Amino acid sequence: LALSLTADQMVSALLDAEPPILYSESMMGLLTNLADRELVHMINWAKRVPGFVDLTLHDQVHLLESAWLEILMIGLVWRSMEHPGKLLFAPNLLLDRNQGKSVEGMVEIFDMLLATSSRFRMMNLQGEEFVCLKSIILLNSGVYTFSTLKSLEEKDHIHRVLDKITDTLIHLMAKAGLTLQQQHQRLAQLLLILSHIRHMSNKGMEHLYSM
Amino acid sequence: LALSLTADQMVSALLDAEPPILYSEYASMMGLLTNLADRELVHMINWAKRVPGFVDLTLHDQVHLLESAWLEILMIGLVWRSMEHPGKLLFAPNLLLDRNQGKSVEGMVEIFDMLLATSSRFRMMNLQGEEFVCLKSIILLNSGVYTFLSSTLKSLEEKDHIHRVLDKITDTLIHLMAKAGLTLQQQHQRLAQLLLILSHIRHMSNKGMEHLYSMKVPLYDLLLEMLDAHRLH
Ligand SMILES: Oc1ccc([C@@H]2Oc3cccc(O)c3[C@@H]3CCC[C@@H]32)cc1
Ligand SMILES: Oc1ccc([C@@H]2Oc3cccc(O)c3[C@@H]3CCC[C@@H]32)cc1
């Protein structure tokens, strides 16, 4: 099981499961089409996340239905890091704030995504940390919304895996040369950003469902 | 000055700052819940002003943070006092409601279930009072930090301060866990478990806002009115 993997094995498995960066094939049309194609790759990526396939199909579907937008958004923010002021939806679709005003209700979300990307840049987020965070989102997002006996076991499994990913993040920070205090401070800084990603996803859904 | 406090002083400060538990007044379930939340807001501002470092910020930034986090703060408070009442939500000592009593208002039951699950999680983790106050302060400082308007030197200075205080609370959380006898690995694991729940609290607040808006002076001006006090008294 995933509970037996080592910190380096975890990082390795995660880096390998990384989906491909797709290209865009009016604006909403392009964003949703892109999202639709990425979803297919997300599902394959998910199954590769240590511990995911150990859950019931029903629960696998639940976690994905709950975390897909947060997962797409953290990916967007990650590839937009080296591009201050712009969101790299796709290599051939790099948009700025003004282009966001185009659609209604869209710029407010663009601004939050931009701010998040800036925070990651400021923190100098590493690719190893990024994959860990994305996996955390997948497992954490829908766990608080699955009282049956079967649920107990599922949740227990999820939490153990999450603990493993936490150890991995800490491990990465240790090898990076951070002091213990710096380590736990960065761990918290990174997890607190997940709350903002949840927020952006909620708003993204409000914007999506509003049309 | 808040950045020089020790872990123990940080904890004592937060504990001392705790707001009072209000009673429901008296039925319109929403009327009761909203009136209760309205009266608690007044006390929330007093509590916020007592959170180390909060008053060093500008009035504008203080209002923005509270406008962003008020419902999360009310909800974590609710979940906290509901910990000893499995299956029920203790909105107030005289307003303990169960799941079915939530079906009396469309779209309320889904939120109730989320709050109830959060309460069970806290109970399952044996959340400590010292940890609860640290978490509530983190919500206050973190929820709206990523949505600050300007990027002026002043703004950059405020964000630096907020992140510095947040690091301090993180230090305090780890200190509490260390004194509890947990190993370093258990400390890091619990810290993560606690912070991930804030993601769920953020989620509930958003669903709560959507619900509140389904049943519509702007909140900002109301918070500003109360935060912008004079010194004649
Ligand atoms: O990889 C990605 C990441 C984000 C997007 C897009 O992000 C945004 C951002 C702002 C407003 C939106 O409606 C969307 C839509 C809503 C669904 C997602 C899609 C598309 C592809
Ligand atoms: O201390 C507290 C905590 C929560 C509440 C109530 O919590 C809920 C829960 C579910 C649906 C709601 O509309 C509310 C309303 C929306 C505003 C808050 C209020 C009231 C007082």
# chains A, B, ... in the order shown; residues from 1 in each chain; ligands from 1

$ residues_near_ligand --ligand "ligand 1" --cutoff "8 Å" --atoms "only C-alpha atoms and all ligand atoms" --output "JSON list (two decimals) with N, CA, C and O atoms, in the first residue's frame"
[["chain", "number", "residue", "atom", "x", "y", "z"],
["A", 28, "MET", "N", -15.06, 31.88, -22.79],
["A", 28, "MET", "CA", -15.59, 30.83, -21.93],
["A", 28, "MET", "C", -15.51, 29.52, -22.70],
["A", 28, "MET", "O", -15.14, 28.48, -22.15],
["A", 31, "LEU", "N", -12.03, 28.22, -22.48],
["A", 31, "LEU", "CA", -11.67, 27.79, -21.13],
["A", 31, "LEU", "C", -12.33, 26.48, -20.73],
["A", 31, "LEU", "O", -11.67, 25.61, -20.15],
["A", 32, "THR", "N", -13.61, 26.32, -21.05],
["A", 32, "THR", "CA", -14.33, 25.10, -20.71],
["A", 32, "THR", "C", -13.87, 23.91, -21.54],
["A", 32, "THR", "O", -13.74, 22.80, -21.02],
["A", 33, "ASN", "N", -13.62, 24.12, -22.84],
["A", 33, "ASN", "CA", -13.15, 23.03, -23.69],
["A", 33, "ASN", "C", -11.84, 22.52, -23.15],
["A", 33, "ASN", "O", -11.63, 21.32, -23.03],
["A", 34, "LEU", "N", -10.94, 23.45, -22.83],
["A", 34, "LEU", "CA", -9.64, 23.10, -22.29],
["A", 34, "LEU", "C", -9.84, 22.29, -21.00],
["A", 34, "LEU", "O", -9.23, 21.23, -20.83],
["A", 35, "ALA", "N", -10.69, 22.80, -20.12],
["A", 35, "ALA", "CA", -10.98, 22.13, -18.85],
["A", 35, "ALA", "C", -11.53, 20.72, -19.09],
["A", 35, "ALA", "O", -11.14, 19.77, -18.40],
["A", 38, "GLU", "N", -8.72, 18.40, -19.99],
["A", 38, "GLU", "CA", -7.82, 18.17, -18.86],
["A", 38, "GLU", "C", -8.43, 17.19, -17.87],
["A", 38, "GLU", "O", -7.71, 16.43, -17.23],
["A", 69, "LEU", "N", -12.13, 21.30, -9.80],
["A", 69, "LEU", "CA", -11.82, 22.70, -10.11],
["A", 69, "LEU", "C", -10.63, 23.21, -9.31],
["A", 69, "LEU", "O", -9.81, 23.97, -9.83],
["A", 72, "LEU", "N", -7.63, 21.86, -11.09],
["A", 72, "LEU", "CA", -7.34, 22.59, -12.33],
["A", 72, "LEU", "C", -6.75, 23.95, -11.98],
["A", 72, "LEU", "O", -5.77, 24.39, -12.59],
["A", 73, "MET", "N", -7.34, 24.61, -10.99],
["A", 73, "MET", "CA", -6.86, 25.92, -10.60],
["A", 73, "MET", "C", -5.46, 25.91, -10.00],
["A", 73, "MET", "O", -4.66, 26.79, -10.29],
["A", 74, "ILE", "N", -5.14, 24.92, -9.16],
["A", 74, "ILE", "CA", -3.79, 24.94, -8.62],
["A", 74, "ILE", "C", -2.79, 24.65, -9.74],
["A", 74, "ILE", "O", -1.66, 25.14, -9.71],
["A", 75, "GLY", "N", -3.21, 23.89, -10.74],
["A", 75, "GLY", "CA", -2.33, 23.63, -11.87],
["A", 75, "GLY", "C", -2.11, 24.93, -12.63],
["A", 75, "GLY", "O", -0.97, 25.27, -12.99],
["A", 76, "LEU", "N", -3.19, 25.66, -12.88],
["A", 76, "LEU", "CA", -3.13, 26.94, -13.59],
["A", 76, "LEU", "C", -2.19, 27.90, -12.88],
["A", 76, "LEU", "O", -1.31, 28.52, -13.50],
["A", 89, "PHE", "N", -3.31, 29.65, -19.06],
["A", 89, "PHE", "CA", -4.32, 28.61, -19.16],
["A", 89, "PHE", "C", -3.76, 27.50, -20.03],
["A", 89, "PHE", "O", -3.98, 26.32, -19.78],
["A", 90, "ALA", "N", -3.02, 27.90, -21.06],
["A", 90, "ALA", "CA", -2.39, 26.98, -22.01],
["A", 90, "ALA", "C", -1.20, 27.72, -22.63],
["A", 90, "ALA", "O", -1.21, 28.95, -22.69],
["A", 100, "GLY", "N", -9.55, 39.36, -19.01],
["A", 100, "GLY", "CA", -10.52, 38.72, -18.14],
["A", 100, "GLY", "C", -11.81, 39.52, -18.01],
["A", 100, "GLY", "O", -12.88, 38.96, -17.84],
["A", 105, "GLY", "N", -18.03, 38.62, -14.31],
["A", 105, "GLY", "CA", -17.81, 37.81, -13.13],
["A", 105, "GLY", "C", -16.47, 37.09, -13.20],
["A", 105, "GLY", "O", -16.06, 36.44, -12.23],
["A", 106, "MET", "N", -15.79, 37.23, -14.32],
["A", 106, "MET", "CA", -14.52, 36.56, -14.53],
["A", 106, "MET", "C", -13.27, 37.25, -14.01],
["A", 106, "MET", "O", -12.35, 36.59, -13.53],
["A", 107, "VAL", "N", -13.22, 38.57, -14.09],
["A", 107, "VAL", "CA", -12.02, 39.25, -13.60],
["A", 107, "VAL", "C", -11.79, 39.10, -12.10],
["A", 107, "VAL", "O", -10.64, 39.02, -11.67],
["A", 109, "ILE", "N", -12.25, 36.57, -10.33],
["A", 109, "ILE", "CA", -11.61, 35.27, -10.16],
["A", 109, "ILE", "C", -10.19, 35.30, -10.70],
["A", 109, "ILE", "O", -9.29, 34.72, -10.11],
["A", 110, "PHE", "N", -10.01, 36.01, -11.82],
["A", 110, "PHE", "CA", -8.70, 36.17, -12.43],
["A", 110, "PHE", "C", -7.75, 36.80, -11.41],
["A", 110, "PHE", "O", -6.59, 36.39, -11.28],
["A", 113, "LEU", "N", -6.68, 34.31, -8.71],
["A", 113, "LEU", "CA", -5.73, 33.35, -9.26],
["A", 113, "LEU", "C", -4.36, 34.01, -9.40],
["A", 113, "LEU", "O", -3.34, 33.43, -9.06],
["A", 204, "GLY", "N", -15.56, 29.89, -8.63],
["A", 204, "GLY", "CA", -15.52, 29.42, -10.00],
["A", 204, "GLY", "C", -16.78, 28.65, -10.35],
["A", 204, "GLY", "O", -17.30, 28.74, -11.47],
["A", 205, "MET", "N", -17.28, 27.89, -9.39],
["A", 205, "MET", "CA", -18.50, 27.11, -9.58],
["A", 205, "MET", "C", -19.68, 28.07, -9.66],
["A", 205, "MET", "O", -20.57, 27.89, -10.49],
["A", 207, "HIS", "N", -19.67, 31.05, -10.74],
["A", 207, "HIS", "CA", -19.56, 31.71, -12.03],
["A", 207, "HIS", "C", -19.96, 30.77, -13.16],
["A", 207, "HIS", "O", -20.59, 31.19, -14.14],
["A", 208, "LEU", "N", -19.59, 29.51, -13.02],
["A", 208, "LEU", "CA", -19.89, 28.49, -14.01],
["A", 208, "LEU", "C", -21.37, 28.12, -14.00],
["A", 208, "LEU", "O", -22.01, 28.02, -15.05]]

$ residues_near_ligand --ligand "ligand 2" --cutoff "8 Å" --atoms "only C-alpha atoms and all ligand atoms" --output "JSON list (two decimals) with N, CA and C atoms, in the first residue's frame"
[["chain", "number", "residue", "atom", "x", "y", "z"],
["B", 30, "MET", "N", -34.55, 31.03, 10.68],
["B", 30, "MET", "CA", -33.60, 31.97, 10.10],
["B", 30, "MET", "C", -33.55, 33.27, 10.89],
["B", 33, "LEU", "N", -31.45, 32.56, 13.97],
["B", 33, "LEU", "CA", -30.04, 32.41, 13.63],
["B", 33, "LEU", "C", -29.38, 33.71, 13.20],
["B", 34, "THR", "N", -30.07, 34.50, 12.38],
["B", 34, "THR", "CA", -29.51, 35.77, 11.94],
["B", 34, "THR", "C", -29.43, 36.80, 13.06],
["B", 35, "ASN", "N", -30.42, 36.83, 13.95],
["B", 35, "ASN", "CA", -30.39, 37.78, 15.05],
["B", 35, "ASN", "C", -29.23, 37.42, 15.97],
["B", 36, "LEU", "N", -29.03, 36.12, 16.16],
["B", 36, "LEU", "CA", -27.95, 35.66, 17.01],
["B", 36, "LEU", "C", -26.61, 36.05, 16.39],
["B", 37, "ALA", "N", -26.44, 35.77, 15.10],
["B", 37, "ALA", "CA", -25.20, 36.12, 14.41],
["B", 37, "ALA", "C", -24.98, 37.63, 14.45],
["B", 40, "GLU", "N", -23.62, 38.59, 17.84],
["B", 40, "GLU", "CA", -22.27, 38.05, 18.03],
["B", 40, "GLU", "C", -21.22, 38.88, 17.29],
["B", 71, "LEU", "N", -18.12, 34.85, 8.80],
["B", 71, "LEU", "CA", -18.91, 33.63, 8.87],
["B", 71, "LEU", "C", -18.07, 32.41, 9.23],
["B", 74, "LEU", "N", -17.74, 32.61, 12.96],
["B", 74, "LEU", "CA", -18.95, 32.19, 13.66],
["B", 74, "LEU", "C", -19.09, 30.67, 13.57],
["B", 75, "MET", "N", -18.80, 30.10, 12.40],
["B", 75, "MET", "CA", -18.93, 28.66, 12.23],
["B", 75, "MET", "C", -17.94, 27.81, 13.02],
["B", 76, "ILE", "N", -16.68, 28.22, 13.12],
["B", 76, "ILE", "CA", -15.74, 27.41, 13.90],
["B", 76, "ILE", "C", -16.13, 27.52, 15.39],
["B", 77, "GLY", "N", -16.71, 28.66, 15.77],
["B", 77, "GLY", "CA", -17.15, 28.83, 17.15],
["B", 77, "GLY", "C", -18.30, 27.86, 17.40],
["B", 78, "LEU", "N", -19.22, 27.79, 16.44],
["B", 78, "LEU", "CA", -20.38, 26.90, 16.52],
["B", 78, "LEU", "C", -19.96, 25.44, 16.60],
["B", 91, "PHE", "N", -26.07, 26.30, 18.60],
["B", 91, "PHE", "CA", -26.02, 27.68, 18.14],
["B", 91, "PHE", "C", -25.99, 28.55, 19.39],
["B", 92, "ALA", "N", -26.70, 28.09, 20.42],
["B", 92, "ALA", "CA", -26.76, 28.80, 21.69],
["B", 92, "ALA", "C", -27.19, 27.80, 22.77],
["B", 102, "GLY", "N", -33.28, 21.28, 10.67],
["B", 102, "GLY", "CA", -32.65, 22.09, 9.64],
["B", 102, "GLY", "C", -33.41, 22.00, 8.33],
["B", 107, "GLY", "N", -32.29, 24.41, 1.70],
["B", 107, "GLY", "CA", -30.85, 24.52, 1.59],
["B", 107, "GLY", "C", -30.10, 24.65, 2.90],
["B", 108, "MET", "N", -30.80, 24.55, 4.03],
["B", 108, "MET", "CA", -30.12, 24.66, 5.31],
["B", 108, "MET", "C", -29.56, 23.31, 5.76],
["B", 109, "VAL", "N", -30.29, 22.24, 5.48],
["B", 109, "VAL", "CA", -29.86, 20.90, 5.88],
["B", 109, "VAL", "C", -28.47, 20.50, 5.39],
["B", 111, "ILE", "N", -25.92, 22.42, 4.84],
["B", 111, "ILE", "CA", -24.92, 23.13, 5.63],
["B", 111, "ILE", "C", -24.82, 22.51, 7.02],
["B", 112, "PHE", "N", -25.98, 22.23, 7.63],
["B", 112, "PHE", "CA", -26.03, 21.60, 8.95],
["B", 112, "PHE", "C", -25.17, 20.34, 8.96],
["B", 115, "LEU", "N", -21.53, 21.15, 9.01],
["B", 115, "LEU", "CA", -21.12, 21.62, 10.33],
["B", 115, "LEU", "C", -21.04, 20.46, 11.31],
["B", 208, "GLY", "N", -22.62, 29.03, 3.10],
["B", 208, "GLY", "CA", -23.45, 29.79, 4.02],
["B", 208, "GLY", "C", -23.83, 31.14, 3.43],
["B", 209, "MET", "N", -22.86, 31.79, 2.79],
["B", 209, "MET", "CA", -23.08, 33.09, 2.16],
["B", 209, "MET", "C", -24.09, 32.95, 1.04],
["B", 211, "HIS", "N", -26.38, 30.78, 0.78],
["B", 211, "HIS", "CA", -27.66, 30.54, 1.43],
["B", 211, "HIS", "C", -28.25, 31.83, 2.00],
["B", 212, "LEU", "N", -27.41, 32.60, 2.68],
["B", 212, "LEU", "CA", -27.84, 33.85, 3.27],
["B", 212, "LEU", "C", -28.37, 34.76, 2.17]]

$ interface_residues --of "chain B" --to "chain A" --cutoff "6 Å" --atoms "only C-alpha atoms" --output "list in words"
residues 167, 189 and 199 of chain B

$ select_by_dssp --residues "chain A" --states "alpha helix (DSSP H)" --output "VMD selection string"
chain A and resid 7 to 17 27 to 48 57 to 79 97 to 101 106 to 123 127 to 141 149 to 175 180 to 209

$ select_by_dssp --residues "range 4-118 of chain A" --states "strand (DSSP E)" --output "ChimeraX atom specification"
/A:86-90,93-96

$ write_last_selection --atoms "C-alpha atoms" --output "PDB file, in the first residue's frame"
ATOM      1  CA  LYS A  86      -0.813  36.643 -16.555  1.00  0.00           C
ATOM      2  CA  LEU A  87      -2.539  33.276 -16.308  1.00  0.00           C
ATOM      3  CA  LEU A  88      -1.112  30.524 -18.491  1.00  0.00           C
ATOM      4  CA  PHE A  89      -4.316  28.610 -19.157  1.00  0.00           C
ATOM      5  CA  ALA A  90      -2.391  26.976 -22.006  1.00  0.00           C
ATOM      6  CA  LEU A  93      -3.469  30.923 -24.220  1.00  0.00           C
ATOM      7  CA  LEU A  94      -1.760  33.301 -21.821  1.00  0.00           C
ATOM      8  CA  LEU A  95      -4.237  35.922 -20.617  1.00  0.00           C
ATOM      9  CA  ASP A  96      -3.917  39.079 -18.539  1.00  0.00           C
TER      10      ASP A  96
END

$ atom_distance --atom1 "CA of residue 158 in chain B" --atom2 "CA of residue 63 in chain B"
13.3 Å

$ closest_residue --among "B:160, B:61, B:67, B:200" --to "residue 66 in chain A" --atoms "only C-alpha atoms"
B:200
